[PDB]
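Everything below concerns the one structure shown next.
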Amino acid sequence: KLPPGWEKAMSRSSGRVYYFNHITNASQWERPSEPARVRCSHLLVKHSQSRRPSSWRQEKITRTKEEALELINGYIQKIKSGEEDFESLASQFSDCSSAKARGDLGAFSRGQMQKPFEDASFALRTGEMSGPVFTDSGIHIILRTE
């Protein structure tokens, strides 16, 4: 059983089993449920070692790789608690011009995007969200919408 990328793991804090996906970095307590194109939105947090350390949000991005991951982790927490919607955080805080479209990148096939982004995107099922996804652009949260 278990769809591509998914494995079982042991919770250190609680001792209960959980499920993790080494392609998307998703993790959840619940046991989880190839197309030519997928459609995804993302939220990007850049850092000082990004291929290009600037965005519409700030001309010189100075945060560390570690501080970017903490920001990503907090947004995932907010999304999973329902305190904030993915689209609302992407629109406010994503370091990419796709923020203006609620993070939507449109449809794409394999062979177009950065490879880690592509692999995570195609390993999500429609409606699912990734964990932190690392590319030279920075750290992404990816939501598969189609």
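Positions are given from 1 along the sequence.
Side-chain atoms of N21 come within 3.5 Å of backbone N or O of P4 as a donor-acceptor pair. Looking at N25, its side chain does come within 3.5 Å of a backbone N or O of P132 through a donor-acceptor pair. Between the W56 side chain and the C96 main chain, a donor and an acceptor come within less than 3.5 Å of each other. Judged purely by atom type and a 3.5 angstrom limit, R144 uses its side chain to pair as donor or acceptor with the backbone of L124. Side-chain N or O atoms of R110 include none that pairs as donor or acceptor with a backbone N or O of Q112 at under 3.5 Å. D85 places no side-chain N or O within 3.5 Å of a backbone atom of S88 that could act as its donor or acceptor partner. Side-chain N or O atoms of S50 include one that pairs as donor or acceptor with a backbone N or O of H47 at under 3.5 Å. Put simply, the side chain of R63 gets close to the backbone of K46: a donor and an acceptor are under 3.5 Å apart.
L105 places a side-chain heavy atom less than 4.5 Å from the side chain of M113. Looking at heavy atoms from C-beta onward, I72 lies in side-chain contact with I141 at the 4.5 angstrom threshold. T135 has its side chain out of reach of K115: every pair of non-hydrogen atoms, C-beta onward, lies at least 4.5 Å apart. At a threshold of 4.5 Å between non-hydrogen side-chain atoms, the residues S54 and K60 do not count as touching. Using a 4.5 Å heavy-atom threshold, the side chains of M10 and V17 count as touching. In this structure, the side chains of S27 and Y18 come closer than 4.5 Å at one or more pairs of heavy atoms. The shortest side-chain heavy-atom distance between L71 and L69 does not fall under the 4.5 Å cut-off. Looking only at side-chain heavy atoms (C-beta outward), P116 and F134 stay at 4.5 Å or farther from each other.
Under a hydrophobic clustering in which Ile, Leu, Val, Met, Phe, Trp and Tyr are joined whenever their side-chain heavy atoms come within less than 4.5 Å, directly or via other members, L43 and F117 fall into different clusters. Neither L44 nor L143 shares a network with the other; the hydrophobic side chains, linked directly or stepwise wherever heavy atoms of I, L, V, M, F, W or Y lie under 4.5 Å apart, form separate groups for each. In this structure, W29 is a member of the same hydrophobic cluster as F20, with clusters built from ILVMFWY side-chain heavy atoms closer than 4.5 Å. Residues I76 and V133 fall into different hydrophobic clusters, defined by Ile, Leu, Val, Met, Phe, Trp and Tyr side chains chained together at heavy-atom separations under 4.5 Å.
Between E84 and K78, none of the side-chain N atoms (NZ, or NE/NH1/NH2) sits under 4.0 Å from a carboxylate O, so this pair counts as no salt bridge. Using a cutoff of 4.0 Å between basic side-chain nitrogens and carboxylate oxygens, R52 and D136 are not scored as salt-bridged.
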* With side chain to side chain donor-acceptor pair (under 3.5 Å) as the test, would you mind laying out the steps for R51 and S137 before giving the verdict? => CA-CA 5 Å; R51 102 225 141 307; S137 290; 3.0 Å; yes

* To do: Would you please test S130 and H140 for side chain to side chain donor-acceptor pair (under 3.5 Å) and show each step?
  => CA-CA 8 Å; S130 76; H140 312 253; over 6 Å; no

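In summary, the side chains of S94 and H42 do not present any donor paired with an acceptor at a separation below 3.5 Å, with no hydrogens or angles considered. No side-chain donor-acceptor contact under 3.5 Å links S41 and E87. A donor-acceptor pair shorter than 3.5 Å cannot be found between the side chains of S121 and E118.
To the nearest 0.5 Å, atoms CZ (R57) and CD1 (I61) are separated by 8.5 Å. Atom CG of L89 is separated from atom CD of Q92 by 6.5 Å, given to the nearest 0.5 angstrom. Atom OG1 of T145 sits about 9.0 Å away from atom CZ of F86, to the nearest 0.5 Å. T24 OG1 to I142 CD1: the interatomic distance, rounded to the nearest 0.5 Å, is 8.5 Å. Considering CH2 of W6 and NE2 of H22, their distance stands at 11.0 Å, rounded to 0.5 Å. From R31, atom CZ reaches atom NZ of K8 across 7.5 Å, with rounding to the nearest 0.5 Å.
Minimum heavy-atom separation, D104 to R39: OD2-NH2, 2.7 Å. Closest non-hydrogen pair, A36 versus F122, comes out as O-CZ, 3.8 Å. Minimum interatomic distance between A99 and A90 (heavy atoms only, all atoms of both residues): CB-O, 3.3 Å.
The number of heavy atoms from other shown groups lying within 6.0 Å of CD (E83) is above 12.
Partners of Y75 under the ring pair (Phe, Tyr, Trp, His ring centres under 6.0 Å) rule, at least two apart in sequence or in another chain, are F93. Residues satisfying the salt bridge (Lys or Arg N to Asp or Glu O under 4.0 Å) test with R37, not counting sequence neighbours, are none.
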